[PDB]
C-alpha cells in the first residue's frame, strides 16, 4: 500500500459526530473529506469538503465515493458490510467489510473474541424462534437472570430486555420480533473499561491508556483516563486482548474493545466497535494523536501516530436531557455554556445538532489538567452545573 498523502480525497461512510471529528482531523493535515450520509443536516456533512446525500446502499453514490476517494472508512458500526465490500471493488476500505460484519453482530463477535483467547460473558446463542423453542428451560436458566440482546442493530442499550426466568426469555424473544439474539448472564460488575488501539495494514499497532467508563441507562456518561482502578497488569492484559483480536481479525483502523471488571477481579470482554469510540473522545485534547487522526493514518497507509497522553483527562457526555431542566414536557432551556467555558479545565465540543432531544448525544466536554483529581473535580462541578448529577 503506497501511502495516500495529504491533499488526497478520503471518504467517510456515516455522518454523525464521529464523522465530523474525523473531518477536522483529516482537514488539518490537508486532506479533503467526502461524507456519504442520507441526512440533510448531517453533523459530518455540515463540515465536510463534500457531502454525498445518499442511502448507504445506493449504488451510484457508492461508486461516486469510491471513484473520488483514494481510501474510505466508516464511523457507523451498523453500516451494511455489503456497502463496504462494494466500495472495496474500486478503492481501499479500512476497516474491511468482513471485519465490520464480525464486530456488528453480537453472535459472530462473541464467537470471534472467544476464538482470540479472550473471555466473554456466559451466554446462550438464540439463532431463531424455532431454535429457542427447542431449547429446554434449564439451558436458559444457567444464564439467568440475564439480558436478551438482539445480535444486530443494537446501540445505546436498545434491543435489550431484562429477563429473570425462562418464560420471560421466550416472551422477550417474541417482543424482539424473533430476531437472532444473545442471552447473556447478568454479571456483577465492579467497573468498566475500554481499550483503544489502532492497527495498520502492516501489522504495526499502537495502544492508548485504559479508559474507565461509567454508563447511565446503558449510555456512556463519562470516561476517566488513565483508568484509576486498573492496575498496570490489568491495563496490559486489556490492551493485549484488544491487540490479539485486531491481529486475528486482520483489522486495519481504530478498534475499541469494551471490558467488564467483575467483583472477583476477572476481566470480561463485552463488545468491540470497528471505529473510533465515544470513550476515545478524550484523546483529542489529552493525547499527541487523537483516535480520529489514527483513523486517517490507518486508512491512508501512513505511519500510526504517537499515543502519548500529555494530560490526565475526564470526558463528560452532553445529552439532550441537559436542555430540559424542568422535565421533558416543558420548554427547552439553552444550557449555561458561558459557565462551562469559564472552567479552566473545560474543552467544549458541540456537534452542531439543531434539535435537542432526550437521549440524544449533543456534545461532550473534556476536562484536562495537570492531575487526574483536578480533572475529576472539574467534571463533577460541571455535571452538577448541568443537572447531570445532584
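Residue numbers count along the first chain shown, from 1.
Comparing the deposited coordinates for 274-282 and 255-263, the stretch with the larger average C-alpha B-factor is 255-263. When the two stretches 360-368 and 33-41 are set side by side, the higher mean Cα temperature factor goes to 33-41.
Across 181, 71, 103, 135, the greatest Cα temperature factor reported in the deposited entry is at 135.
By the numbers in the PDB entry, the CA B factor is greatest at 250 among 250, 226, 303, 159.
In the deposited entry, the Cα temperature factor of residue 139 sits in the top third of values across the chain's modelled residues. When the modelled residues of the chain are ordered by C-alpha B-factor, residue 51 sits in the middle third.
Compared with the other modelled residues of the chain, the Cα B-factor recorded for residue 333 ranks in the highest third. Among the modelled residues of the chain, residue 346 sits in the lowest third by CA temperature factor in this PDB entry.
Compared with the other modelled residues of the chain, the Cα B-factor recorded for residue 315 ranks in the lowest third.
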